[PDB]
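Peer 1: Sharing a structure with you now.
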Amino acid sequence: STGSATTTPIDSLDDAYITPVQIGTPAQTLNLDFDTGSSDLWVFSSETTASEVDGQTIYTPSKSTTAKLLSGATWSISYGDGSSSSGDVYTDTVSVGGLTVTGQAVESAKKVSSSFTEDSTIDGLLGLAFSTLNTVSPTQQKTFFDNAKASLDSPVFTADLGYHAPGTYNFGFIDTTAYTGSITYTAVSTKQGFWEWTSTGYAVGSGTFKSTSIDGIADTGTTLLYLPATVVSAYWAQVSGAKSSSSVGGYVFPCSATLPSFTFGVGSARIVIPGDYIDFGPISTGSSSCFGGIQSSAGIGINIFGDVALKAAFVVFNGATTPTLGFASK
Ligand SMILES: [Br-]
C-alpha cells in the first residue's frame with residue numbers, strides 16, 4: 001500500500017504545516033501537524049476542556065463506530081517550545097492520503113497549553129519519530145508509520161515541504177519526479193528516539209564550505225534551523241546590522257537586509273537554503289526589525305534541522321531495519 005497527502009503552511013510565514021487526516025467511521029477529518037520530532041498522535045476532541053478550544057475541529061469518539069476506549073491508558077507530552085498536552089486514549093481507524101491503519105492509538109486531549117489553543121489551524125499532531133518516544137502509559141503505543149510499515153510497498157515516508165506553497169507527505173514510495181539529481185543517504189541514530197543524523201558541514205552564501213560534523217535531528221515539527229553558536233554567528237556576521245537580542249529571544253536583523261543563502265552538507269552532497277527562507281519577518285507588527293530563521297541551539301541541547309532546512313529538500317525517512325535519511329535538491 002501507499003498514501004499521499006498534501007501538506008499546507010498554516011500561515012504566511014510557514015510557521016507549521018497541516019495535513020488532512022481521516023479518523024473514525026464515518027470519517028472525521030482533522031488537520032494535523034506531522035511531526036518527525038515526536039511520536040504521539042493526539043487530537044483536540046469532545047473531551048478537551050472547553051475553554052482551551054478556540055476554533056479547532058474536534059474528534060468525537062462517541063460518533064465513530066470503530067472507536068474504542070483503550071482502558072486505563074493516559075498520555076502527557078511536553079514539547080521543545082514548552083507547549084504541552086495530555087489526556088486519555090482511543091483506538092480507531094486512521095487514514096492519511098488513502099493509506100489506512102486500523103487500531104491506531106488516537107490520543108484524545110483533555111488539556112492543551114495556550115499555544116495550542118491559540119493556534120486555530122492545528123487540530124492535533126501526528127508523530128513520526130520512533131515509537132520509543134511515545135508517551136502513552138502504562139502501555140506505550142506505536143506511531144501511524146510504525147503501524148503502517150508492514151503494509152507499505154517500501155518502509156519509508158517522504159517530506160516535501162513547500163516554501164509559501166503546499167507540499168506533500170508520501171508513505172510507502174519515493175516519487176522520483178519530486179526531486180532533482182540524486183538522493184544522498186546518511187546514517188541515522190535512533191538512540192534518542194529521533195531521526196538523528198550528522199551533517200558534514202556548512203557554507204554561508206558564496207563562501208567556502210566548512211567541513212565539520214554537526215549532529216542534529218530532522219524535525220518537521222520545528223519551524224526554524226537551530227545550529228551551534230559558532231555556525232550561527234558565522235552566518236549572521238554576513239548580514240549588516242544583525243545581532244542577537246536577549247529581549248527578543250534570538251538573532252534579529254534589519255528588514256531591509258538581503259540575506260545570504262545557507263548550505264548544509266549531506267555526505268558529499270549540498271543542500272542550499274535560499275536567503276529568503278531565513279527571513280521570518282517583523283518581530284512585531286510594523287517593526288523594521290526582522291526575526292532570523294537560523295538560531296543558536298545552545299540553550300536546547302540538540303541541533304534541529306527544522307522546516308527552514310527541510311523545505312529546501314526532498315527528504316526520505318527510511319524506516320528499514322537500519323534506518324537512514326535521504327536528502328535531494330528539488
Ligand atoms: Br547515498
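Lettering and numbering for the C-alpha cells are positional, with chains as A, B, ... in the shown order, residues counted from 1 in each chain, and ligands counted from 1 in the shown order.
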How would you write, as a compact mmCIF listing (two decimals) with N, CA and C atoms, in the first residue's frame, the set of residues no farther than 10 Å from ligand 1 when counting only C-alpha atoms and all ligand atoms?

Peer 2:
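Wrote it out as out09.txt, contents follow:
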# COMPACT_ATOMS: atom_id res chain seq x y z
N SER A 182 20.24 13.29 -7.57
CA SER A 182 20.15 12.06 -6.80
C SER A 182 19.79 12.33 -5.35
N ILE A 183 19.35 11.28 -4.67
CA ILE A 183 19.12 11.32 -3.23
C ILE A 183 20.40 10.82 -2.57
N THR A 184 20.91 11.59 -1.62
CA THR A 184 22.07 11.16 -0.83
C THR A 184 21.59 10.71 0.53
N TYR A 185 21.92 9.46 0.86
CA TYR A 185 21.52 8.87 2.12
C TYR A 185 22.62 8.97 3.16
N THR A 186 22.20 9.09 4.40
CA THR A 186 23.11 9.27 5.51
C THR A 186 22.59 8.49 6.73
N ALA A 187 23.50 8.08 7.60
CA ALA A 187 23.16 7.22 8.72
C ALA A 187 22.30 7.91 9.76
N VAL A 266 25.25 16.97 3.27
CA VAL A 266 24.71 15.64 3.50
C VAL A 266 25.68 14.72 2.77
N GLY A 267 26.56 14.06 3.52
CA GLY A 267 27.65 13.34 2.87
C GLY A 267 28.40 14.32 1.98
N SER A 268 28.66 13.92 0.75
CA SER A 268 29.35 14.79 -0.21
C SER A 268 28.39 15.74 -0.93
N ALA A 269 27.09 15.61 -0.67
CA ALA A 269 26.08 16.46 -1.28
C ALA A 269 25.87 17.74 -0.48
N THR A 324 17.71 5.14 7.73
CA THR A 324 18.58 6.16 7.16
C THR A 324 17.72 7.35 6.75
N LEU A 325 18.39 8.46 6.44
CA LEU A 325 17.74 9.65 5.95
C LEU A 325 18.32 9.97 4.59
N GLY A 326 17.48 10.35 3.65
CA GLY A 326 17.92 10.77 2.33
C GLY A 326 17.53 12.21 2.05
N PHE A 327 18.42 12.95 1.40
CA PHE A 327 18.15 14.33 1.01
C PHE A 327 18.47 14.51 -0.47

Peer 1: Just want the 6 Å neighbourhood of residue 292 in chain A, counted on only C-alpha atoms, with same-chain residues fewer than 3 positions away dropped. Output as an mmCIF file with C-alpha atoms, in the first residue's frame.

Peer 2:
data_model
loop_
_atom_site.group_PDB
_atom_site.id
_atom_site.type_symbol
_atom_site.label_atom_id
_atom_site.label_comp_id
_atom_site.auth_asym_id
_atom_site.auth_seq_id
_atom_site.Cartn_x
_atom_site.Cartn_y
_atom_site.Cartn_z
ATOM 1 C CA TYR A 251 19.041 36.836 16.147
ATOM 2 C CA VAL A 252 17.281 39.756 14.547
ATOM 3 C CA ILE A 278 15.655 32.604 6.501
ATOM 4 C CA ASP A 279 13.567 35.804 6.783
ATOM 5 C CA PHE A 280 10.788 35.343 9.350
#

Peer 1: Would you mind writing down, as a PyMOL selection string, each residue of range 9-213 of chain A that DSSP on the backbone assigns to helix (DSSP H, G or I)?

Peer 2: chain A and resi 50-52+61-63+114-118+131-133+144-151

Peer 1: Report as a ChimeraX atom specification all protein, DNA and RNA residues lying within 12 Å of residue 15 in chain A, evaluated on only C-alpha atoms, omitting residues in the same chain fewer than 2 positions from it.

Peer 2: /A:8-13,17-18,33,119,121-122,161-164,220-224,277-281,293,306-308,311

Peer 1: Give me, please, the distance in Å between CA of residue 31 in chain A and CA of residue 166 in chain A, quoted to one decimal.

Peer 2: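 Separation of CA of residue 31 in chain A and CA of residue 166 in chain A: 13.7 Å.
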
Peer 1: Within 10 Å of residue 300 in chain A, counting only C-alpha atoms, which residues show up once you throw out same-chain ones fewer than 4 positions away? Write them as a PDB file with N, CA and C atoms, in the first residue's frame, please.

Peer 2:
ATOM      1  N   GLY A  80       9.536  20.929  22.826  1.00  0.00           N
ATOM      2  CA  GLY A  80      10.741  21.725  22.972  1.00  0.00           C
ATOM      3  C   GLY A  80      10.468  23.199  23.180  1.00  0.00           C
ATOM      4  N   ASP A  81       9.311  23.667  22.715  1.00  0.00           N
ATOM      5  CA  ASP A  81       8.940  25.075  22.853  1.00  0.00           C
ATOM      6  C   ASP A  81       8.212  25.353  24.168  1.00  0.00           C
ATOM      7  N   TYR A 226      18.122  25.287  14.010  1.00  0.00           N
ATOM      8  CA  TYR A 226      18.873  25.559  15.242  1.00  0.00           C
ATOM      9  C   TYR A 226      20.210  24.836  15.153  1.00  0.00           C
ATOM     10  N   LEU A 227      21.294  25.613  15.164  1.00  0.00           N
ATOM     11  CA  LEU A 227      22.643  25.082  14.956  1.00  0.00           C
ATOM     12  C   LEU A 227      23.607  25.631  16.008  1.00  0.00           C
ATOM     13  N   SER A 296      20.628  29.913  17.334  1.00  0.00           N
ATOM     14  CA  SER A 296      21.504  29.056  18.107  1.00  0.00           C
ATOM     15  C   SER A 296      20.755  27.945  18.825  1.00  0.00           C
ATOM     16  N   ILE A 304      18.770  21.196  15.561  1.00  0.00           N
ATOM     17  CA  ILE A 304      17.487  20.859  14.938  1.00  0.00           C
ATOM     18  C   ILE A 304      17.403  21.390  13.520  1.00  0.00           C
TER      19      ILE A 304
END

Peer 1: Considering only C-alpha atoms, return as a list in words whatever protein or nucleic-acid residues lie within 7 Å of residue 264 in chain A, sequence-local ones (same chain, fewer than 6 positions apart) excluded.

Peer 2: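 Here the qualifying residues turn out to be residues 199, 201, 202, 203, 270, 271 and 272 of chain A.
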
Peer 1: Which residues, written as a PyMOL selection string, have at least one atom at most 7 Å from range 66-72 of chain A, with only C-alpha atoms counted and residues fewer than 6 positions away on the same chain left out?

Peer 2: chain A and resi 24-25+89-93

Peer 1: Write the residues of the preceding selection, restricted to N, CA and C atoms, as a CSV table (one decimal), in the first residue's frame.

Peer 2:
chain,number,residue,atom,x,y,z
A,24,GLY,N,-11.8,7.6,12.3
A,24,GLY,CA,-13.1,7.1,12.7
A,24,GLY,C,-14.0,6.7,11.5
A,25,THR,N,-15.1,6.3,11.9
A,25,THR,CA,-16.1,5.8,10.9
A,25,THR,C,-17.5,6.3,11.4
A,89,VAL,N,-7.0,7.8,25.8
A,89,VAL,CA,-6.6,7.2,24.6
A,89,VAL,C,-7.7,6.3,24.0
A,90,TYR,N,-8.0,6.5,22.7
A,90,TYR,CA,-8.9,5.6,22.0
A,90,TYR,C,-8.0,4.8,20.9
A,91,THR,N,-8.5,3.7,20.5
A,91,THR,CA,-8.0,3.2,19.2
A,91,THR,C,-9.1,3.4,18.2
A,92,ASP,N,-8.7,3.7,17.0
A,92,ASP,CA,-9.7,3.9,15.9
A,92,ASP,C,-8.9,3.7,14.6
A,93,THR,N,-9.7,3.8,13.5
A,93,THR,CA,-9.2,3.7,12.1
A,93,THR,C,-8.7,5.1,11.7

Peer 1: From a DSSP calculation on the backbone, collect every residue of range 123-325 of chain A in strand (DSSP E) and output the set as JSON, numbers by chain.

Peer 2: {"A": [124, 125, 126, 127, 156, 157, 158, 159, 160, 167, 168, 169, 170, 171, 184, 185, 186, 187, 196, 197, 198, 199, 200, 201, 202, 203, 204, 210, 211, 212, 213, 214, 215, 216, 217, 218, 225, 226, 227, 243, 244, 245, 250, 251, 252, 253, 254, 262, 263, 264, 265, 266, 269, 270, 271, 272, 273, 279, 280, 281, 282, 289, 290, 291, 292, 294, 295, 296, 303, 304, 305, 314, 315, 316, 317, 318, 324, 325]}

Peer 1: Hey, which of A:217, A:150, A:51, A:56 ends up closest to residue 35 in chain A? Count only C-alpha atoms.

Peer 2: A:217

Peer 1: Just checking: using only C-alpha atoms, which residue out of A:181, A:205, A:241, A:97 ends up closest to residue 275 in chain A?

Peer 2: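 With only C-alpha atoms as the atom set, the closest residue is A:205.
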
Peer 1: For residue 141 in chain A, find every residue with an atom within 10 Å (counting only C-alpha atoms), except residues of its own chain fewer than 2 positions away, and show them as JSON, numbers by chain.

Peer 2: {"A": [39, 40, 41, 73, 89, 104, 105, 106, 107, 131, 132, 133, 134, 135, 136, 137, 138, 139, 143, 144, 146, 147]}

Peer 1: Between A:302, A:239, A:148, A:248, which one has atoms that come closest to residue 198 in chain A, using only C-alpha atoms?

Peer 2: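 Of A:302, A:239, A:148, A:248, the one nearest residue 198 in chain A, counting only C-alpha atoms, is A:302.
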
Peer 1: Can you tell me how far CA of residue 329 in chain A sits from CA of residue 316 in chain A, in Å to one decimal?

Peer 2: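 So the two atoms, CA of residue 329 in chain A and CA of residue 316 in chain A, lie 11.7 Å apart.
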
Peer 1: What does the structure give for the distance between CA of residue 74 in chain A and CA of residue 88 in chain A, in Å to one decimal?

Peer 2: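 Distance between the two atoms: 4.3 Å.
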